[PDB]
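# Summary of structural features
One letter stands for each residue in the lines below.
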Amino acid sequence: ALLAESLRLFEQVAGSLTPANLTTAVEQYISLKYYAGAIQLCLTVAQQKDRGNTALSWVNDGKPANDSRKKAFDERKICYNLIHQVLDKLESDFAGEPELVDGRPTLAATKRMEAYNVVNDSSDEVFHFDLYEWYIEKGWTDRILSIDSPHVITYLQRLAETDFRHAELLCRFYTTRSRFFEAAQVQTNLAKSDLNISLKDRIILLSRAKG
Amino acid sequence: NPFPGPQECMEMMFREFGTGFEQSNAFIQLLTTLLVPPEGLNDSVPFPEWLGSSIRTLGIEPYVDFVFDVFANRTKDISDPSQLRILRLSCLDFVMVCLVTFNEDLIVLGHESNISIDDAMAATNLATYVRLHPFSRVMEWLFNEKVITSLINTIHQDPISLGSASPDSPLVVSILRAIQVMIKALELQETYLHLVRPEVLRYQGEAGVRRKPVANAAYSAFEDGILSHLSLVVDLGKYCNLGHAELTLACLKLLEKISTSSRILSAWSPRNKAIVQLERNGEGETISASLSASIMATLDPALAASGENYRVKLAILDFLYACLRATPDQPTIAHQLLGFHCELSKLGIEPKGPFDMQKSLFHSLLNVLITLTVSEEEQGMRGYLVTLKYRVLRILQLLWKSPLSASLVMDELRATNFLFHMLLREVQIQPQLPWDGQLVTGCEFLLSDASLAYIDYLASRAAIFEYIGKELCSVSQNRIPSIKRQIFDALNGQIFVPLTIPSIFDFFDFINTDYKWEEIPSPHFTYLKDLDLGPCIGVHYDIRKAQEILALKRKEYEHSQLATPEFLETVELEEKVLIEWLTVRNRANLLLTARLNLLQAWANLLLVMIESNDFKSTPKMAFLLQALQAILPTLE
Amino acid sequence: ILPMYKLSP
Amino acid sequence: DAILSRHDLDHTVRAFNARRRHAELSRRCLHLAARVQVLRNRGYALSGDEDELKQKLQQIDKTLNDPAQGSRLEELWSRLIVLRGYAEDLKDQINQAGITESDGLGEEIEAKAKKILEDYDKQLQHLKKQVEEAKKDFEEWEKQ
Amino acid sequence: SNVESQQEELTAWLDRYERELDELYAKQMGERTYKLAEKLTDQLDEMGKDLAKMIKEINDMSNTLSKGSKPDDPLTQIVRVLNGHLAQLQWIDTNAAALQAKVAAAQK
Amino acid sequence: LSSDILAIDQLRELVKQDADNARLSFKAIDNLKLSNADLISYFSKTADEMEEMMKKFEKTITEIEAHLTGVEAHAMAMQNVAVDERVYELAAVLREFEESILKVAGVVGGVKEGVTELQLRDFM
Amino acid sequence: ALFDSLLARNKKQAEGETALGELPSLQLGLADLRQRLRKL
């Protein structure tokens, strides 16, 4: 009742919380294992700093440098970096612990699912992109694949166009889901590309595409 | 300060220079000459941007305003007709020099990408250009009733004067200039009403400008002010019997544009007014007779593309095509000109009329078509003959598909053995016969203009096959073997009047994969390879969509400052190769769709022939085996 | 009615 | 004949005349309806919905008062006069085929075409009225 | 005659109002935007008129060019009437299409 | 006469709105001698009406362009060339109008039946 | 006199006037008209 009412109070002044306070809030939420909630505050503070969604119109146009919309992305990221901060202590506290006693899930495993539902269901896709970019930097490959959101497909598709090693995942994404044609469709269209890819790799691509 | 405020002294001097005709014409000519830029007849409007900035004046507008006021009001104080004609010609030349100096594509691209993509720096330049250029004021004046009244009064003259006048007479030149101004106005009215009026209104609302309106709000378009004149079309049609190539082409283009509009035909046919206006003293009959006498005039083999007669013929054909394609269900002036009795939602033929005696425009077209030979020796398979016959066949197809003018046309065609003449005029195609002295296997063939003639010939063959199939189906359903025997004989390769002709299987020479129209040699393209044709693309790849992209890429590379001077020629030659690549792809797509249509028409004809055939099968087994042998490689 | 339309070459 | 004489002359003129008189009186009506909104409403407190009115007015006025839009007509007129002169010249040149034209046109098929036209007109009128009814009968259902 | 006398009462009265108008002026003696609005509304009428003139002239030139030795003939007649029919048919088609579209709304 | 009906019908509703608009103006003055918020709709209405009349002007203009561009070609052929052939055109037109009418008729019938469907579904 | 009235109506049609909307429509015919019909 205290943490749920604190969350109500924070979301009201979301369009006006200072990064120093928002941090102190998330720091305390983690001490009280209130993972999923703290993530929801940072996501809410993001939207209320930029209601018109300029960080979208900024990234959608693709890296307009020297721009006033840098504020939107930078302020939104202060919250996003805190979401990343929560998700780290989430695994740390429940490190290597199993998601069940026989029959019953742990409450540790519950706070895990509660946390990753806030993340995967959000409608802020600029947050999803910054989240997928950060998952790679941590080597959490199999995490990106499991996500069923359609914001991951746009990220991987837009990155496959100029990065061979990202088009690799999009092909892995489709093949774990058994959309085999869609993978060969990319592997072939990638071997025919204008990208800097060795011939012996293009032999692998076409050999996987043929399969 | 001619030695009293300036706003008053200027108008006093203008009015003083308005009395008479000599000084007025001289001032008009001086202004017209001054409006010409020093580089000759695009930016840097030919006048200083600070013209009249000191005094509270709108710049160069007063001049055009006074010229229009004069031309509209003081045209009645000129007794000498020659002086009035000269003044009207000078005013029309001034208007044309003012209009031709307006940028259309520039303003379009500006309003499209300048503020939305480009920065806001150049926006001020385009704004100043649109605000200072007198095009807006001319367009505003064009919506006045005085101007159109003076124009239609100048164009409405007795025929005896034009007949006895000389080709260099000022009346003909003035009429030509007026028709050209009307054409330019009809072309630029949309661009004006779209990208001039709102900007000028916003500027007048923001800043302080004192201007007097001279336009009529009721006239939402230029057609509203001219739809009230019925004698205009009559005069335009009567002026076709003068022989002047330029004037005839101008009148034909004007009539075509009028027939292409919508408000004019909605006001005329909401009974009708044009059909009764052209049937007052037999104007349609004389117009049709003049058109027939004109199209029958031969052409100059040497001046193929320069023969004024061929140009007039093509203009008339385009006019008829545009008039028949627009609103085919409801009759139009084309049906009356062809020799039909245009009735409300019904047509008919009158006894002893021009169309009943087989002497009309349609019969003249049939004659000039059946008496046309395309097979030549010095060059062989000419191009302009192909274009003429293609236009004629398109007009015939438009007339046939229309159910309101289908039965009578088919009857008149089958009553004269048109299919027989067409078959006799057919010619076989082979990879040896060159097109205009150029061979087909040559790589330049796809880049040359022979592709247009080839597509036209394919479409002509397809239309002929479709007509033959339709006539065969009609004769079969009519259960009359009187004509079936002749049809089969023509298909068997014999004619009993015996004259022999190539069978249908002989014309099956257009399916050839040796040319490899699908395969295309792809150059290396070490650079610009990533530039795709996404925004280019009805398969029609626009060249400007890729031109802008490659220009932006070249600018970025130059800004990178890495061997920009040396590698510029590489990008230039890559662009010169990409443009021809796009043109070749477009031509290949056109040829492929033409071949597809021709094959579909041939298959439909063959199906209609096989199905409706009561003749024995053991004699036709030879043709069956021949068709099987011919299709075997096609399927393989 | 057919003076020239005849197929008489 | 009496009915046609009445209509073709006595009534047409009064119809047209009355229509023009309406237009004139519409102008006068708006002029008065305009001055009413001037002299009485000259209390300087004229605002509120006025902004929207002058906004629309400014938009349309700006759209009209454009160089290009105004120029297009002027260009068109001359562009027409060109074809006028050209056509008149080419017409005077081919002003010989008159008998071929008059006799070529005068025929018999014309009479039949007229008949077919009248039939078409009847069919068209019927269709038009049928659609009209289909509309009028639907706007009823639009309420229920 | 009713429509013709309605343009007599509603004219004499329009003239009658001018007295109360001059009275209002008399009262006030002891705007430009509307005057711009009227001319702005009025200016396009001239454009319509001129456009009409243009169209008429175009018709004249086309008709005279196509045929000019018998303007009382039955060809231009068929042309005109047939154009009328075309226009009317177009109207029918379009409006019918509109009504057809209007039915899709009821298909909820 | 039937064509003359629609003429008066137009003239009827025209004088009637001009009667009201000229009446709404006097009641304002008669009120003064011894509605300002009402005429606003009227002026804005005239504006809204004219706003499309301008679009009509644009349309007709564009048509005129598109038409004269054809006139040019017609003359351009007519100069280049320099009875029985055109008689076929008339027939080809009429036989095509038959088809076009028969095409439209289907649309009309479809609409009408489509309306009676809803009419039926109403009291059914 | 029917076709005559059709002409007369279609004649008065394409000739003005000041009717606040209905401007005279340009007549086509034959060639352009067939295509204009087909484009229906």
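Preceding block: the structure.
These notes cover the structure that comes with them.

### Things to note about the overall build of chain F
- If you tally the helices and strands in chain F, you get three helices and zero strands.
- Along the chain direction, N to C, the helices and strands of chain F fall in the order α-α-α.
- Its C-alpha atoms give chain F a radius of gyration of 26 Å, clearly above 14 Å, the size a compact globule of 124 residues would have.
- Principal-axis analysis of the C-alpha atoms places the extent of chain F at approximately 80 × 55 × 30 Å.
- By the burial criterion, 51% of the 124 residues in chain F qualify as buried.
- Summed over its atoms, the accessible surface of chain F is roughly 5,700 Å², and 54% of this surface lies on carbon and sulfur atoms.
- Each charge class in chain F was averaged separately, 14 positive and 24 negative side chains, and the resulting centres sit 9 Å apart.

### A word on the overall build of chain D
- In terms of regular secondary structure, chain D is built from five helices and zero strands.
- The secondary structure elements of chain D, listed N-terminal to C-terminal, are α-α-α-α-α.
- In terms of overall dimensions, chain D is more spread out than a globule: its C-alpha atoms have a radius of gyration of 27 Å, far above the 15 Å expected for 144 residues.
- For chain D, the residues scored as buried account for 51% of the 144 residues in total.

### Some points on the interface of chain B and chain F
- The partner chain F presents 50 residues to the 112 residues of chain B that form the contact.
- Surface buried jointly by chain B and chain F totals about 5,200 Å² across both partners, of which 65% is contributed by carbon and sulfur atoms.
- Among the residues chain B hides against chain F, the three largest losses belong to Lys253, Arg263 and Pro403 of chain B. Together they make up 18% of the total.
- For the pair chain B and chain F, the interface holds zero salt bridges.
- Joining chain B to chain F, the criterion identifies 113 residue pairs in polar contact.
- Of the residues in the side of chain B that touches chain F, the class split is 62 nonpolar, 30 polar and 20 charged.

### A word on helix α3 (residues 74-104) of chain E
Residues and elements named next belong to chain E.
- Taking 1.5 Å of rise per residue, 31 residues should cover 45 Å, and α3 covers 45 Å from first to last C-alpha, within 8% of that figure.
- Along α3, 23 of the 31 residues are buried, which leaves the element largely enclosed by surrounding structure.
- You can read the cap of α3 off the contacts: a side-chain oxygen lies 3.3 Å from the backbone nitrogen of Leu75, and it is on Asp73.

### Some details on the interface of chain D and chain B
- Tallying the contact residues gives 66 residues for chain D and 125 residues for chain B.
- Carbon and sulfur atoms supply 61% of the area buried between chain D and chain B, which totals about 6,300 Å² over both sides.
- One can count two salt bridges joining chain D with chain B.
- Between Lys346 of chain B and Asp119 of chain D there is a salt bridge, with the nearest N and O atoms lying 1.0 Å from each other.
- Taken together, the connections running from chain D to chain B amount to 128 residue pairs in polar contact.
- Mapped onto the side of chain D that touches chain B, the elements with two or more residues apiece are α2 (50-64), α3 (67-93), α4 (99-105) and α5 (109-141) of chain D.
- Taken together, the residues of the side of chain D that touches chain B break down into 24 nonpolar, 18 polar and 24 charged.

### Section: the layout of surface pockets
Residues and elements named next belong to chain B.
- For the second largest pocket, the calculated volume is near 1,500 Å³.
- The wall of the second largest pocket is formed by 44 residues, among which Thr57, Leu58, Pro62, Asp65 and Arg210 lie closest to the centre.
- Those elements that provide at least two residues to the lining of the second largest pocket are α1 (6-16), α3 (61-73), α6 (123-132), α7 (135-142) and α11 (197-206).
- The biggest single contributor to the lining of the second largest pocket is α3, with seven residues.
- Its residues assigned to classes, the lining of the second largest pocket shows 21 nonpolar, ten polar and 13 charged.

### Some points on unusual backbone geometry
- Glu17 of chain G follows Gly16 of chain G through a cis peptide bond whose omega is 0 degrees.
- Relative to the helices and strands, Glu17 of chain G resides in the loop between α1 (2-13) and α2 (30-38).
- Backbone geometry places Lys352 of chain B, a non-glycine residue, at a positive phi of 65 degrees.
- Within the secondary structure, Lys352 of chain B sits in the loop between α18 (333-338) and α19 (361-370).

### Description of empty space enclosed by the protein
- Estimates place the volume of the largest cavity at around 180 Å³.
- Along the wall of the largest cavity there are 14 residues; nearest its centre are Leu57 of chain D, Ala37 and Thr41 of chain E together with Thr46 and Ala47 of chain F.
- Mapped by element, the contributors of at least two residues to the lining of the largest cavity are α2 of chain D, α2 (32-66) of chain E together with α2 (39-81) of chain F.
- For the lining of the largest cavity, a count of residues per class yields ten nonpolar, three polar and one charged.

### Structural notes on the nonpolar core
- Among the nonpolar cores identified, the biggest contains 266 residues, and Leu347 of chain B together with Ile58 of chain E are the most heavily contacted of them.
- No other element matches the 15 residues that helix α10 (residues 170-195) of chain B contributes to this core.
- Those residues in contact with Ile58 of chain E that lie beyond four places of it in its chain are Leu186, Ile226, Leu232, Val233, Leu236, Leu254, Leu255 and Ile258 of chain B, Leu80 of chain D together with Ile64, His67 and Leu68 of chain F.
- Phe129, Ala160, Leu170 and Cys171 of chain A belong to the second largest nonpolar core, which has 59 residues in total.

### Re a positive patch on the surface
- Among the surface-exposed residues, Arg56 and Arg210 of chain B, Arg35 of chain D together with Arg32, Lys35 and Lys39 of chain E lie close enough to one another that they form a single positively charged patch.
- With three residues, the single largest contributor to the positive patch is α2 of chain E.
- Within the fold, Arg32 of chain E resides in helix α2.
- The exposure class assigned to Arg32 of chain E is exposed, which follows from its relative accessible area of 61%.

### Description of the packing of aromatic side chains
- All chains considered together, the criterion is met by 41 aromatic pairs over all chains.
- Ring centres 5.2 Å apart and planes at 85 degrees place the aromatic pair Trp400 of chain B and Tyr88 of chain F in the edge-to-face group. Remark: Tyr88 of chain F occurs in helix α3 (residues 84-123) and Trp400 of chain B occurs in helix α20 (residues 384-401); the pair is interchain, linking two chains.
- Using a relative accessible area of 1% as the deciding quantity, one classes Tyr88 of chain F as buried.
- A network of ring pairs unites the aromatic residues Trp435, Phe445, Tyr454, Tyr457, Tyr515 and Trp517 of chain B as a single cluster.
- Over the aromatic face of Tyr321 of chain B sits the side chain of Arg394 of chain B, whose NZ or CZ is 4.0 Å from the ring centroid.
- A cation over a ring is seen here: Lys128 of chain D above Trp91 of chain E, with NZ or CZ 5.6 Å from the ring centre.

### Some details on the side chain of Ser62 of chain E
- Along the chain, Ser62 of chain E falls in helix α2.
- On the accessibility criterion, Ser62 of chain E (4% relative accessible area) is buried.
- If we skip the residues at most four places from it in the chain, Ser62 of chain E touches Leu232, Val233, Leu236, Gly237 and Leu255 of chain B.

### Considering the pattern of salt bridges
- Considering all chains together, one arrives at 50 salt bridges over all chains under this definition.
- Between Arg112 of chain A and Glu99 of chain A there is a salt bridge whose closest N-O contact spans 3.7 Å. On the criterion of sequence distance, the pair formed by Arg112 of chain A in helix α6 (residues 107-121) and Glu99 of chain A in the loop between α5 (70-93) and α6 is long-range, its members being 13 residues apart.
- Under the relative-accessibility criterion, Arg112 of chain A is labelled partly exposed at 22%.
- The salt bridge partner of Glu187 of chain B is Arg79 of chain D, with a shortest N-O separation of 2.2 Å. With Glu187 of chain B in helix α10 and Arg79 of chain D in helix α3, this residue pair bridges two chains.
- Exposure remark for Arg79 of chain D: the relative accessible area of 5% places this residue in the buried category.

Reading guide: rules and limits
- Residues numbered from 1 in each chain as written, not as in the entry; some residues may be left out.
- Chains lettered and ligands numbered in written order.
- Part of a larger assembly, values for the part shown.
- Heavy atoms only, no water.
- Helix = DSSP H or I, 4+ residues; strand = E, 2+ residues; numbered from the N terminus.
- Rg over C-alpha atoms; globule rule 2.2 N^0.38 Å.
- Buried < 20%, exposed > 50% of the residue type's maximum accessible area, 1.4 Å probe, protein only.
- Areas by Shrake-Rupley, 256 points an atom, 1.4 Å probe, with all protein chains shown as cover.
- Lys, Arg positive; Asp, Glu negative; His and termini not counted.
- Charge placed at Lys NZ, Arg CZ, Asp CG, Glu CD.
- Contact = heavy atoms within 4.5 Å.
- Buried area = accessible area lost by both parts, 1.4 Å probe.
- Salt bridge = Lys/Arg side-chain N within 4 Å of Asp/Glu carboxyl O.
- Polar contact = N/O pair within 3.5 Å; in protein donor to acceptor, adjacent residues only side chain to side chain.
- Nonpolar A, V, L, I, M, F, W, Y, C, P; charged D, E, K, R; others polar.
- Expected span 1.5 Å × (residues − 1).
- 1 Å grid on protein atoms, 1.4 Å probe; cavity = no way out; pocket = protein on both sides within 12 Å on 5 of 7 lines; lining within 4 Å.
- Points joined across faces, edges and corners; volume = space filled by probe spheres on them.
- Core = buried A, V, L, I, M, F, W, Y, C linked by side-chain atoms within 4.5 Å.
- Patch = residues over 30% accessible without salt bridge, like charges linked within 9 Å, V, L, I, M, F, W, Y side chains within 5 Å.
- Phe/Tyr/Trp six-rings, centres within 6.5 Å; stacked < 30°, edge-to-face > 60°.
- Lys NZ or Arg CZ within 6 Å of the ring centre and 35° of its normal.

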